[PDB]
Every structure is written in C-alpha cells, then in structure tokens.
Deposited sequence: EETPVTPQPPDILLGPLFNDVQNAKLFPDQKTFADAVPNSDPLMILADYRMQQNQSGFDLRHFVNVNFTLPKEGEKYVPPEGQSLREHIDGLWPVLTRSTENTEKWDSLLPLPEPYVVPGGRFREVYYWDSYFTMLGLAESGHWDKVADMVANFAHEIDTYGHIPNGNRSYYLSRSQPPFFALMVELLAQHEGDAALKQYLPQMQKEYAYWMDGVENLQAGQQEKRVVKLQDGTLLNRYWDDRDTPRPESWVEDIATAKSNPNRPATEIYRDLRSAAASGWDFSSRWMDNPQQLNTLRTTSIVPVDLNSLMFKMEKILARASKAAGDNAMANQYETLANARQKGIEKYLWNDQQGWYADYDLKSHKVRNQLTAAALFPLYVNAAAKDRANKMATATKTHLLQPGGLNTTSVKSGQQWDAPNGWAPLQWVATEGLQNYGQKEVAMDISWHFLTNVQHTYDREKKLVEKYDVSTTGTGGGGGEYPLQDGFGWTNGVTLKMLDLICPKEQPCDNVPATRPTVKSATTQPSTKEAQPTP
C-alpha cells in the first residue's frame, strides 16, 4: 500500500495545499474512483488549462469520507450502547483506499478517527472485557496479530499513511488481557507475533555501537539499550500536510526533514503534540522527539520483555524465557539509571543531546509504576509528585505546562488516568489512585450530564468540559474514554451495588 502523497503525487500535494477541506485528514482518506495513474495523467492535461477547477476535479475523481442518548440514559448504558456505533468491519476495501483491510470487526475512537488505533485499542479493550464482550477483545487481538504478520509491526492505525510508524506498544498487554479470560493459551497462541513485534522495536541493535541510534533503538555510551519513537519517513504527514509544511517553514535553522521526522515520531509516541518533546513549549517547530528516550516507551518495552518471558515459559521454551528475563532486568536497570531524575524526584525522559535526564514532570512518569519496574521508594516519591503537581480537580494533568498543544495542561487523557491509577495501586498508593479515578470520573460524568457524550480529552482544572489544543478539534465518542470510564466505574462502586452513573458521594 502506497500512502496517498506517493500514490497521488502532485495532485495530493495540490489538493491539500488548496485547503479544499477543513481537515487535512479528509483528503488523506479519499478513495480514488479510478486508477491513480489515469487520474494523474488527466490532471496533468487539465491543470494548466484556462478555467480548470480543482474542487470539481476532486469531486469527479474521488469519493470522500461520509447521536443523542435517550432521556435519562445512564453513563454505563450510553457507553454499552455506543460500541456498535464505534465498530467498523473492513475485511476488504475498494481499490486504492488508504484504509487497510483487517480480518475482524474493530472499534475506532470516534469522529475523524475512522480507523483502528494501536494504543487506544488497549484501553478500549479493557472496557469491552469489563462488559463481557470478550469476543470483540479476541477479534481485536487477532486484528493486531494480523497486522504484525502482514506489515511487521502494528501501524499507528490501519491506514497507508500510518505504515511508516507504530504507536505506544500495548500488544503484549492486549495478549495478557486476553489471557485473563482464556488463560495461558492466549499467551502461547500469540507468542510468535509478540516476538515479531519485539524484533521490530529492536531492529538495528545488531551492529549498533555505544552512543549510536538506529531506527527505534538507542545504545547509550555505557552500552545500555533503550528504545525511542521513530517514523521511517522524513516528509510531511499526509494527514496533516499543510500543518507540517508550515511548521518546518517556520524554522529555517533546522533541516525540514529533521522537523518532519520529529513530528512523525511524536505521532508515533501517541503524544502529538506536547511540550514534553519541545525545547520551547510555545514553538512546535522546536520539537525533537527522536533525540528523547521516552520513559513510557521504555516502561512498555520492559513489560513486553516480561510478558515474552512469561509466554515463553508457558510454552515450554526455557532458554527463551531466561533470555527475556535477562533482557527485562537490563531494561529495568536502564530505566532506573537513565529515566529517573534524582534532583527533582521523579521519572522522566532522557536527553540524547545533553546526555542528561530531562527535568520536566509529565504523566509518562507513572509508567514505571504501571509496569512494576519502579523501586518502591521511587514509587512513593511518584505518589507525592502526582499529588503535588499533577492531580487536579477533574483528573490527572498530562503536564504542568499550558503550551496550546493537546498533550499538556490543562488536558487529562483517559489512558494516562488509568496508567496512573493502576501504577499507584501496584505500590499500594490507594488514596492517590482513588482520587485520580474519582476526579476523572466526576469530569466524565459532569461532561456527559451537560453534553450527552464522552469526548477525547478533558479539562482537568474543573469538571464538565472537554479539552482542546493542537491541530484539530476535540473529538467525540470516544473509544479509550469509554473503556477507561467502565473500568473506573467498577473500581469506585461495590459491584454488590454497582453504579451506572458516577455518584456524588463515595460509597
């Protein structure tokens, strides 16, 4: 599958640059009505002719992409009822569609996100599992396994323009989730695809020397092996074409290709975009994702290694189980050395430019707790950092910096709420965990009471309003919000007396 900027070459660039559609993703999802080679030749003939109209040419040659709860419907009921609305089934696609086929139905986030997304799906699957839709969980794992075998990795989503990258790696955790229902059979079944995904993340370690980086692998000067986010292309994102061109244009002191690589790699991080990656929080054109070793990614790699060990052991391959534990142990040592800021007292990303742990506290700092990599003293310090700096009245803040980007204050994102809660639980920090859950759930409920929907991210400074920021508007649905809300709704009420709306009083 060739991404649309390649498939449709100059025409793609021209349509995007013309801003015919208010979202650059719209034309990225256009389906050619005939062979792109024919369309391009026709366009070449017409484009310089007197009276040529690009919009009419597009309308001819492409097909462009195409609810309110009943009175008193509870939050839980609304969520359960929305799953089919968010479910898509594309076993086959029309020719030249940027949508990539998947063997089973899948849940998409909502709104402009009309394809499956990698890390969203984990948190969506937690909700599907909580509500007994294990068939759909199994379908999703199967879909991702298929993507691993077909492409060698899980793309950011099932679009041609996402093949160049992945997203935060949750597939091993998806397999572990499935094994909560199916037992170790699930780990053993999908061991081949977990190993294949690990091969993707680690591709480049062979022949890598200390102080070098290759693709998603970094080897520090002392030999420590860690991963980073990394897209295989260094061109504007087809789905955000004009944005990326404008971002690069705005900073002539950097090569455009480096800015494009870093924009794409921030998309791969899931955190498109954030002060977390930026020298200057007020200028996206200073982002330097590929020079930053992320604490979340490396926590997820540790978990992947641990799960690979567990699956290998279950399968009866002891040499591979031992090897993976050895790898995990090395990873954990790397996290504790290079991804802990001892001056500030929190986990943090590592800076390959300055060769120093970064100073900024972000919600990614809870990931070492979430995966049980953290020392207990450091987990307790993280509980304190969370209470002091990140816990707000409406949930866990993503960062403390209001940059105008969406992965930043004052926005709270469902997945980060859950990672934090679960990480804190893993170290017995139940009070802070419950406050995050209650505060965020109150936000979700309040917003639902007012707007009759769940949304992509929330303003945690108060309750009852969705968040904003970045290059597109707040989206509605919303897969991981719905999934995390269900999980948290179960944590907060007895279950001998389960709640269908978030109560005003803690049981």
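*Asks:* Where are the gaps relative to the deposited sequence?
*Replies:* Counting from residue 1, the stretches without coordinates are 1-6, 73-76, 518-535.
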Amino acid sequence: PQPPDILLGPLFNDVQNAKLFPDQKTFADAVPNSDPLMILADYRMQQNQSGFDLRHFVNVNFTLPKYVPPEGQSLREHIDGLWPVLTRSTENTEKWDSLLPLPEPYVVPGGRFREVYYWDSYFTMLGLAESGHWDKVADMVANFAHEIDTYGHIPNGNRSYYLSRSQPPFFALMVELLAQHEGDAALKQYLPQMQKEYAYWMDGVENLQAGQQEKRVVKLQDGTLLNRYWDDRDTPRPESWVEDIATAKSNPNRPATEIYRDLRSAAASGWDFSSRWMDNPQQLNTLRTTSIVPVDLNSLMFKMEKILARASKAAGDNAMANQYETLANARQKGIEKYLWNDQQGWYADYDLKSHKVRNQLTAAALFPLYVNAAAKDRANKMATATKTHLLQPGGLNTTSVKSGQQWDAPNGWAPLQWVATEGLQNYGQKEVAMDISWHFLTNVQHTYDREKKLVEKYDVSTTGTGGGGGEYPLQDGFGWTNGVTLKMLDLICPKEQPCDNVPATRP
From here on, numbers count along this sequence of modelled residues.
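*Asks:* How about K66: is it missing from at least a third of the other entries compared?
*Replies:* Other entries vs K66: at least a third skip it.
*Asks:* If you look at the other compared entries where the surrounding residues are built, does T442 lack coordinates in a third or more?
*Replies:* Counting only entries that model residues on both sides, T442 is resolved in every one of them.
*Asks:* Tell me which stretch has the larger mean Cα B-factor in this entry, 43-51 or 23-31.
*Replies:* On average, C-alpha B-factors are higher across 43-51.
*Asks:* Could you check which stretch, 93-101 or 258-266, carries the larger mean CA temperature factor in the entry?
*Replies:* Comparing 93-101 with 258-266, the higher mean C-alpha B-factor belongs to 93-101.
*Asks:* Could you say which of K457, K66, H439, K453 has its CA atom at the highest B factor, as listed in the PDB entry?
*Replies:* Across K457, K66, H439, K453, the entry lists the biggest C-alpha B-factor for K66.
*Asks:* Pick out which of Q195, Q332, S131, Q425 has the highest C-alpha B-factor in the PDB entry.
*Replies:* Of the options given, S131 has the highest CA B-factor in the PDB entry.
*Asks:* Going by the CA temperature factor in the PDB record, which third of the chain does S461 belong to: lowest, middle or highest?
*Replies:* CA B-factor rank for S461: middle third.
*Asks:* Is the Cα B-factor recorded for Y448 in the lowest, middle or highest third of its chain?
*Replies:* CA B-factor rank for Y448: middle third.
*Asks:* Where does the C-alpha B-factor of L187 rank in its chain, lowest, middle or highest third?
*Replies:* According to the entry, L187 has a C-alpha B-factor in the chain's middle third.
*Asks:* Is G110 in the lowest, middle or highest third of its chain when residues are ranked by C-alpha B-factor?
*Replies:* Its C-alpha B-factor, which the entry lists for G110, ranks in the middle third among residues of this chain.
*Asks:* Against its chain's modelled residues, does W201's Cα B factor rank lowest, middle or highest third?
*Replies:* Lowest third, going by the recorded CA B-factors of the chain.
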